[PDB]
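Now for the letters of each chain:
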Amino acid sequence: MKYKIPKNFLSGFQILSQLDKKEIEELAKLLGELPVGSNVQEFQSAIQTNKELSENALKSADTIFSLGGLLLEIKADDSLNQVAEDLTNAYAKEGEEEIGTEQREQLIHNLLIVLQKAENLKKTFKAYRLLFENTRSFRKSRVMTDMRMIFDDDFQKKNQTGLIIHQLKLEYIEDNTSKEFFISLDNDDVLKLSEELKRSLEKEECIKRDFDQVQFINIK
Amino acid sequence: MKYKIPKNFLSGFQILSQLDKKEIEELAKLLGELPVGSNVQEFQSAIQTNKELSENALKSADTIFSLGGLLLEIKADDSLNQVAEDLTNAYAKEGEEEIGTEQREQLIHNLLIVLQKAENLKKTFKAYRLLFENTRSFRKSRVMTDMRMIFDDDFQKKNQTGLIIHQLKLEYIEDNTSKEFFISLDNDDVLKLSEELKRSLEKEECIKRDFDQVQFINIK
Amino acid sequence: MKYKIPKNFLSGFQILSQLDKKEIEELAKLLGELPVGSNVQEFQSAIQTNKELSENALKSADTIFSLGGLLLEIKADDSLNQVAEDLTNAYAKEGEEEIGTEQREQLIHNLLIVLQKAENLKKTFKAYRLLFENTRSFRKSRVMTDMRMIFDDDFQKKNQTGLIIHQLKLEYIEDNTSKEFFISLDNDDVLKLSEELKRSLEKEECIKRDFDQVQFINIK
Amino acid sequence: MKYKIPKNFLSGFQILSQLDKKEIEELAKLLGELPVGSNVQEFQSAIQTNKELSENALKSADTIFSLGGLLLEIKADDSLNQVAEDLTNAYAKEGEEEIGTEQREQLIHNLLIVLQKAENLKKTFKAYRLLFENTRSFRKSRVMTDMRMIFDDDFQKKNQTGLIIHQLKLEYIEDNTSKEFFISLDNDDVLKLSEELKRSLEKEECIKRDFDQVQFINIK
Amino acid sequence: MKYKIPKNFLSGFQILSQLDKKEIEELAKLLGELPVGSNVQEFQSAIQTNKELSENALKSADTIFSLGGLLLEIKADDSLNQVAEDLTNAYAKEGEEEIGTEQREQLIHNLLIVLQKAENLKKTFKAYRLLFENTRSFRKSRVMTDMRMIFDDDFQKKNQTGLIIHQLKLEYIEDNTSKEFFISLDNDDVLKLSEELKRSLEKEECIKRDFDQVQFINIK
Amino acid sequence: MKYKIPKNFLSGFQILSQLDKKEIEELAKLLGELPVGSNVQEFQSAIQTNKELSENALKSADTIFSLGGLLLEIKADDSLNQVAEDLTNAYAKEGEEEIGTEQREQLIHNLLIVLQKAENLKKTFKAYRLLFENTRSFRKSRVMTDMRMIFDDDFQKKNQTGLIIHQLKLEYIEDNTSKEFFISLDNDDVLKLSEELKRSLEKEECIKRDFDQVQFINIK
Amino acid sequence: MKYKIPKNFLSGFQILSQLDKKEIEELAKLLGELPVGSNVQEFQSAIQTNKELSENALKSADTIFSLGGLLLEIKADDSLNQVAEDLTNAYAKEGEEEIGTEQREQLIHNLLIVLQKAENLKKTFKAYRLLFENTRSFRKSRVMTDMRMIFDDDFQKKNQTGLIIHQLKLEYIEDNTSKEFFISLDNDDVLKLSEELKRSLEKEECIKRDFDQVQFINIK
Amino acid sequence: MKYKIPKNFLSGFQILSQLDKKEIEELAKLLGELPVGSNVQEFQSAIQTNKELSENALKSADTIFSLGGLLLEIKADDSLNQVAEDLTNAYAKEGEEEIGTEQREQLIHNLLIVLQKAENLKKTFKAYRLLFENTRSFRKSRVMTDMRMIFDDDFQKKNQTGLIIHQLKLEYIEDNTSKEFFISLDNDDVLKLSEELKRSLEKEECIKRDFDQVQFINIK
Amino acid sequence: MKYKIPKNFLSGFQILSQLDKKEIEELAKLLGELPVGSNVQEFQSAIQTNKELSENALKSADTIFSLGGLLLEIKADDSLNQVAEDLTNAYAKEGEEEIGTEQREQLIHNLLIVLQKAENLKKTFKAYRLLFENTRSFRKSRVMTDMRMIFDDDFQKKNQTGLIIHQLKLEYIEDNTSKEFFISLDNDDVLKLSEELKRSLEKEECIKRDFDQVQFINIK
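Going by the header, the method for this PDB entry is cryo-EM, and the resolution given is 4.77 Å.

As annotated in the PDB entry, chain A carries the name COMMD-like protein MBK5214510 and is attributed to Flavobacteriaceae bacterium.

Right under this line is the structure:
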């Protein structure tokens, strides 16, 4: 079929098919005003705080935000109108209802209205797509350090000496698989790494500064 | 045999067997004055700068420093005198010369003189031994970062946007085997890691401060 | 050929072939007086301290002691005379000399004289054979213990608490391959193990006591 | 959600949400009086023997003791108040009831009261956490020994001789997986190991003695 | 080339090329009188005891016996004359000498004389070939049995009871690879196996008896 | 719980709990008269042929015979009284009925009466336990032999010759897993193996004879 | 139990248990008249065409034919009467009905009547058993051939040349697993293989002819 | 370098460099008259039988025939003149002689003369190249068949029955690696395969017949 | 040592150590005039065509070009003077000569002169370094296509139909390992791929056009 439709989005598809023309047009306007990099939580909170929006939009907001992952899975080589028609067929086949012709056309028209524009969201999910062409990425880390004292073969001598060691442990996702990695350190190397990363941070700040003509974004 | 004698230390063993009584006693005194954690390079440089020492000591200094790795490979359960005798036999069997009885006894006596004392050096190599009961340890790392701009399907629109990414690569030894590991980062996580490691550094400083009654050393 | 002859035993075979009749007969007598479980070092030391024995016996003593490993590799189903003849052929083919007929017969006769009797030595090496039908056995072990103190998140509180841990490491041979194994313990389990092994030791002593009619040996 | 809530603790969560203010405050006091290293069985028995405590506390005692494993899974970087709120939400979502606002606030307040303090319990579970950063640990062992007699090829000779062997078998957990290991011994090595472990025990006693200023605990 | 010529048979090939016409004809006669199943040792001993045969035949007897393994490696589809010519070329190329034309023709003629006939030897090596189309075959075995007594937890009771066990170990060749296999038995199963193998032996004797019109051979 | 109670033994446990005092005492007497090595079938048949025994004993006879496998799974270090109490609790928790206090005490008392004594049965199952510390054991075997005739490339010659081969196939259990093994033989090796096993059988008979002071049993 | 009873044969077992004495005796006679190698389809068709036989026999004919696979799974070492009794017990335990004593005895008697004789069928399934002691066997094959023409780099030259190739593909069962194998051929090798297989066919015909005293069968 | 020059072709390259102009031109003519599919042996025999050709051509004939494998390893995209120059350089660098300029030019001119034309040979080696784009191909096979008789459990019955089986074994090269494959057959399947391959042979003959306008070749 | 010195560059190092001051200064000037992306062949050809340069420069030109791979293996964190000193030591230790002090200083000074500047070459090898942080890259490919005709089961019908197929094969290096990959295509997909790659080529041209302020290079 046209799309690998999740079975949970079917209610959102029904809401969008039955949604009012005013609501879809206003949502399209707001999406066209959406800045790049906005996340799902902020979008849904803004929808909630918008009084003119019924709960239908918020209940379908996740589906709307999910469009960015399929807005680029589709390509300019195809006609958005035919994409809307085929996806309406896919939803009527695998979704909640075999939509009647009038609501089928309403859903297709709403798809065309909303799937159009969608520029900043599509670019955001492209940045995310360009982001993870790689193999792996961090998620978190934890630092652990221990100290241990030095003893004698015969304890007729009191313990005067010890040793301090350091450990780091990190977490990351590789090829859609979560992972972690464990290492032990000494303070001097930690300081050296701090110097390296501080130098790279200054580089990054200078890069912020270099192209005042262009914007550079953090995407989460 | 008593020891897995390196074939390069044979000249050092010959020098020690023929070494003067004054030189061995003075070297034993200096070693008994050696602070814990002193490395081979510093010891050899100090030997060189000491005028009373002939080149024999410096040429055997590496062997002297190598004793710490076998000073603990031996154990208090054995008699140092018999250890010296057996190692003299091992050297006379696998080493340069089948030592004559007089020089055999001279070598054994010199071993007893110098292998005795050797407290701080033995404790240093114990710290190194207690150090690497683990599996792996760092050696170095390198930070790499890249930036990339965002484009349009049709370049009727000028490029206004881009994305900045960061990469770290690290090197380490595991189970006597050198290794490396590669990861990509974002600035926020780098800052968070900096905060973590700075907190741990403050912890380490407070640990420096906590036990004024005991010393804690960095060993290299 | 008859035996997988070591190339170092060839000198011992030559000595035995040329050895005096008095010496071989006396050695056969002494071997027939040998108690079970005697090791090579004790046998060679006794040979050295025996004045009537020339250095030929001591230089061939290791070969004599090596017979126990091949005294059972052979079996009663074969004639010791033909075994001696075939092994003389094997030595003359792979060994030092193509023995002349007179010394060939002398060697065969000496083999028959000495390979005969050899009761306690053969039984000792059978015990060793019955010993290692298994897979693995110990060789040594080492006990290691460490202690570590408990700290606070904020060191406004002084450290009042710590923890003590124990470690054991062991060495063993499996299937002719040396091995080791590492574990960490607590004092209570160490005490419990001490109780178990003490109970088993009392069992072993009672077993010493139970069969006064039979002897039980430790073989090394 | 906030926590990987076990589905059996839901009743304990309900009890805690509906629990009396006097009971939660008294339990918080008792927990603040709890010494480090106390185990679940002793805590529950003490709760049972305490007359002022209803069966609600004992039925939720296991959940209370389970907090130590999640008291450190959380970290000081987060606000305990928000932790309580989020975990109340998690319980109301995955647990028994969609708690009403009044009992929701009661549960959050009770969490704040009891999750606070909890110093010795948290330190105990930290010691357990610091305990098992390793790979494996014992659980038990069993000692087995056998004896076997020596025979002749022809039994015209009566059996006068035998051999005694010893076996040890041990059990341990590695990486959350139970394991065992099997070895055979001789009495001499058993005695040698006894000597080693006794020496280490004397070391441990001297370590007990060395730091009178600090306490060291056994945790089970 | 025609054959994977062993480099040790080259002397035998030279002897055969230079061998007398009378000797080759007599050897061909004797081989045509050879019964099936005769082994190399018996053939060589008979050659030695035959006075009319020079040492040339015995020194080439092993090569003659080796022909059976290549007498069937060749096939009736090829002309024995051309086989002799090609193998003479192979020997002159890889062997001792680039044979002169006269001795080349002599060798080819001798090959034709002797490689002809060779009926019983060829059939014997065919039986050996038909023998080892399988995967594996025995070579030897050894039987081992042990007995062990039953003890009490407290030896206030004297040992009245024991247990007897049996072991068998076997050796075999599989796919040109030597192998062994180990098992433990009880007396009853040994008796049952004895009964089975005795029944099969009676079957084999009846099979000896059944076809008086045909002969059946043991080949070694 | 105390025991991994089979769910089929629950009826036997109920019968034993409700069983008469006379019956349990008589069964304990009979078990104390039981010789070592008696199997379940013989015990149950004897119970059936005993007129004073009701069907309760036979229906619980299998459970009684199953005690030997758990009579040694328990150990002398534990109190049989507490073992009976804990197993009564285990049965009342996982078994047919939450036994009333009077029948609970009756069951515990019956367990103490019958679980006591049980000397020969416990020793029998110990022999079985000492039996299978190994890896594998036989269960059966089958002997197969075939004969095949020798033919010619051209059948102008009548077939005069053939070959006889032998095969053995065996079955065994390894590590609680059934197994089999297949081999082909020749008559001579079969005869040799017969000689070996007959020699070992004579050894076993001489071992029967050697210790008239002790008994040795076959256990099935 | 006695047999791994298929759950579909239970109806056949019921029919046989209730079958008339005349029918079972007549079927036993017919089976004793059955020639070796008869397949299930022919046997069932003959049963159908036999007017004296009710549909009971045909409905149980498959079970009757299935006996050959278990007629040899049993062995002469066991009593056919006890085999019938035990299999009647197995059917009454795992089959349709807990047979009443009268019909149980009827079934056992019918088994004894019919399981007896059964000579040619048993020998047929033995031939099938002797057949598949091997690893694999054919099931089918398919021949495929293709031809391709030769072209020029520049087609200013007309194509005058081509190449013809051949392919064979085959199917077989190995170790109860179906398999296939694919190869490409040339006409000359196909002709050579035809010659080989024709020669072997002539060999097989001569083998048909050689032993007029014995019969040789094709079994399917 | 230009070509992976074999070190044995160096003499052929020298001969070609020093070869006469008449000889190279005549050889080029003959090669231009060579039909497609001619093999090395036939070409060399024709060269030998040609009186006008010196032994130089035959000694370089193998190199000439080897050109087809490198005549297509080169491609029309390159200039044959520059190919000749570069290969002359390669031969002068890795070959016998650092050719003088005059003989260097002679060799290049001879290469251009002979490497030109070479149409049928190049097409032949292209057919061979187009041949082995696949993975594997036959080399030979062998057919083996056996027969075995059927016996009784008790030989009171004479053997009346037997079974005949068939075996095929084949050899092939895969990915430049020689291989073989073993299977057992029955006469019926052999006949069926004969029918299949005969049908395919008739297909191949009809394919011979179909395109009278084109030729199709067998290449060896 | 400082560098993993190739043993072939030793002559280049000697030449550079003995090289004239004028030559090294002129070469440094020329290198500072070198544009980015220049390859070794062009650099060496330019050196050859430069009359003022002796053959010393060309013979050391490859070493000079090899500096880019080690100019970045070193880093700005180190002093180029000390790098030159350490590499002079490395060459004097592992290279041709233990350089005399005067020529040692000359070599160090020449290294400082030439290793300095080197901007475009270093950036070129950085681009190559930034190039192959990936895993693999192409080297070549080859396109192959075939056509095949459609036939009938019975050739009473003439062949009117066929099928055309296409194949592509490609070569690439992965992780310093050469590789290839094989696929079959149809004309339509080839056309579609042509359209895709043409669109991407237009994109690349527009990218050429977009940043007139910056240069973008092809590096080989």
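1. Some words on the overall build of chain A
Secondary structure assignment for chain A yields 8 helices and 4 strands. Reading chain A from its N terminus to its C terminus gives the helix and strand order α-α-α-α-α-α-α-β-β-β-α-β. Taken over C-alpha atoms, the radius of gyration comes to 27 Å for chain A, far larger than the 17 Å a tight globule of 220 residues would show. C-alpha extents for chain A along the principal axes are approximately 95 × 45 × 40 Å.

2. Comments concerning the relation of the copies chain C and chain D
The relation between the two copies of this chain is a rotation about an axis and a shift parallel to it. Overlaying chain C on chain D yields an RMSD of 0.0 Å, the required transformation being a rotation through 180° with an accompanying axial translation of 0.3 Å. Viewed as a symmetry operation, the transformation between the two copies matches a two-fold axis. Of every C-alpha in chain C, the one belonging to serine 194 of chain C sits nearest the axis of rotation, 3.6 Å from it. A symmetric contact is evident, with 93% of the interface residues of chain C recurring at the interface of chain D.

3. Some remarks on the side chain of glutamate 196 of chain H
Mapped onto the elements, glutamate 196 of chain H comes out in helix α8 (residues 187-210). A polar atom in the side chain of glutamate 196 of chain H sits 3.3 Å from the backbone nitrogen of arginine 142 of chain G. With near-sequence residues (within four places) excluded, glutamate 196 of chain H lies in contact with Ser141, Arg142 and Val143 of chain G.

4. Section: the interface of chain C and chain D
Listed by partner, the interface residues are 56 residues for chain C and 57 residues for chain D. When chain C packs against chain D, close to 5,000 Å² is buried across both sides, 62% of that on carbon and sulfur atoms. If you sort the residues of chain C by the area they bury against chain D, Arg136, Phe138 and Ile164 of chain C come out on top, with a joint share of 11%. Across the pair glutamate 119 of chain C and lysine 157 of chain D runs a salt bridge whose closest N-O atoms are separated by 2.7 Å.

5. Here we look at the arrangement of the chains
Taking C-alpha atoms only, the smallest gap left between chain E and chain G, which are not in contact, amounts to 11 Å. In this view chain D stays clear of chain I, with the nearest C-alpha atoms of the two still 34 Å from each other.

6. Considering unusual backbone geometry
Residues other than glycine seldom take positive phi values, yet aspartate 175 of chain D does so here, at roughly 50°. Tracing the chain through its elements places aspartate 175 of chain D in the loop between β2 (161-174) and β3 (177-185). For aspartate 175 of chain D, a relative accessible area of 43% corresponds to the partly exposed category. Of note in this structure, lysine 117 of chain H is not a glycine but carries a positive phi near 55°. By the secondary structure assignment, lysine 117 of chain H is in the loop between α6 (101-115) and α7 (119-131).

7. Observations concerning the side chain of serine 38 of chain A
Residue and element names in this part refer to chain A. Structurally, the position occupied by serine 38 is in the loop between α2 (21-32) and α3 (40-49). When its relative accessible area of 14% is taken as the criterion, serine 38 is described as buried. Polar contacts involving the side chain of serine 38 include one to the main-chain carbonyl oxygen of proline 35, which spans 3.1 Å.

8. Some details on a positive patch on the surface
Together, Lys203 of chain A, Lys140 and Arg142 of chain B together with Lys75 and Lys126 of chain I line one region of the surface with positive charge. Note on placement: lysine 75 of chain I falls in the loop between α4 (55-71) and α5 (80-94).

9. Brief notes about helix α2 (residues 21-32) of chain F
Each turn of an α-helix holds 3.6 residues, which means side chains three or four residues apart point in the same direction. Residue and element names in this part refer to chain F. With 12 residues, α2 should cover 16 Å at 1.5 Å per step; its first-to-last C-alpha distance of 17 Å lies within 8% of that length. Every buried residue of α2 is listed here: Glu23, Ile24, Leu27, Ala28 and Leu31. Projected down its long axis, α2 shows its buried positions confined to an angular sector of 135°, all on one face.

10. Quick look at the sheet that holds strand β2 (residues 161-174) of chain I
Residue and element names in this part refer to chain I. Pairing is antiparallel in the open sheet, where 3 strands are placed in the order β1-β2-β3. With partners counted over all chains shown, the strands left at the sheet margins are β1 (136-150) and β3 (177-185), one partner each. Neighbour-to-neighbour, the strand axes of this sheet turn through a mean angle of 15°, independent of strand direction. With 14 bridges connecting them, β1 and β2 associate as antiparallel partners. The residue bridging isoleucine 150 from the neighbouring strand is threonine 161, located in β2.

11. Points about the packing of helix α1 (residues 10-18) of chain H against helix α4 (residues 55-71) of chain H
Residues and elements named next belong to chain H. Remark: α1 packs on α4, axes separated minimally by 9 Å, with the N-to-C direction vectors making an angle of 125°. In terms of axis orientation, α1 runs oblique to α4. In this structure, α1 meets α4 at a crossing whose hand is left-handed. For the pair α1 and α4, the contacting residues are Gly12, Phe13, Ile15, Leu16 and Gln18 in the first and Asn56, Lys59, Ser60 and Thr63 in the second. Taken together, the residues of the contact of α1 with α4 break down into 3 nonpolar, 5 polar and 1 charged.

Conventions used here
Residues numbered from 1 in each chain as written, not as in the entry; some residues may be left out. Chains lettered and ligands numbered in written order. Part of a larger assembly, values for the part shown. Heavy atoms only, no water. Helix = DSSP H or I, 4+ residues; strand = E, 2+ residues; numbered from the N terminus. Rg over C-alpha atoms; globule rule 2.2 N^0.38 Å. Least-squares fit on C-alpha atoms. Contact = heavy atoms within 4.5 Å. Polar contact = N/O pair within 3.5 Å; in protein donor to acceptor, adjacent residues only side chain to side chain. Buried area = accessible area lost by both parts, 1.4 Å probe. Salt bridge = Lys/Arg side-chain N within 4 Å of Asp/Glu carboxyl O. Buried < 20%, exposed > 50% of the residue type's maximum accessible area, 1.4 Å probe, protein only. Patch = residues over 30% accessible without salt bridge, like charges linked within 9 Å, V, L, I, M, F, W, Y side chains within 5 Å. Areas by Shrake-Rupley, 256 points an atom, 1.4 Å probe, with all protein chains shown as cover. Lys, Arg positive; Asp, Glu negative; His and termini not counted. Charge placed at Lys NZ, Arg CZ, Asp CG, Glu CD. Expected span 1.5 Å × (residues − 1). Arc of directions from axis to C-beta. Pairing = 2+ DSSP bridges. Axes fitted to C-alpha atoms, helices over the stretch in contact; angles between N-to-C directions. Parallel < 35°, antiparallel > 145°, perpendicular 65-115°, else oblique. Left-handed = near helix turned anticlockwise from the far one by under 90°. Nonpolar A, V, L, I, M, F, W, Y, C, P; charged D, E, K, R; others polar.

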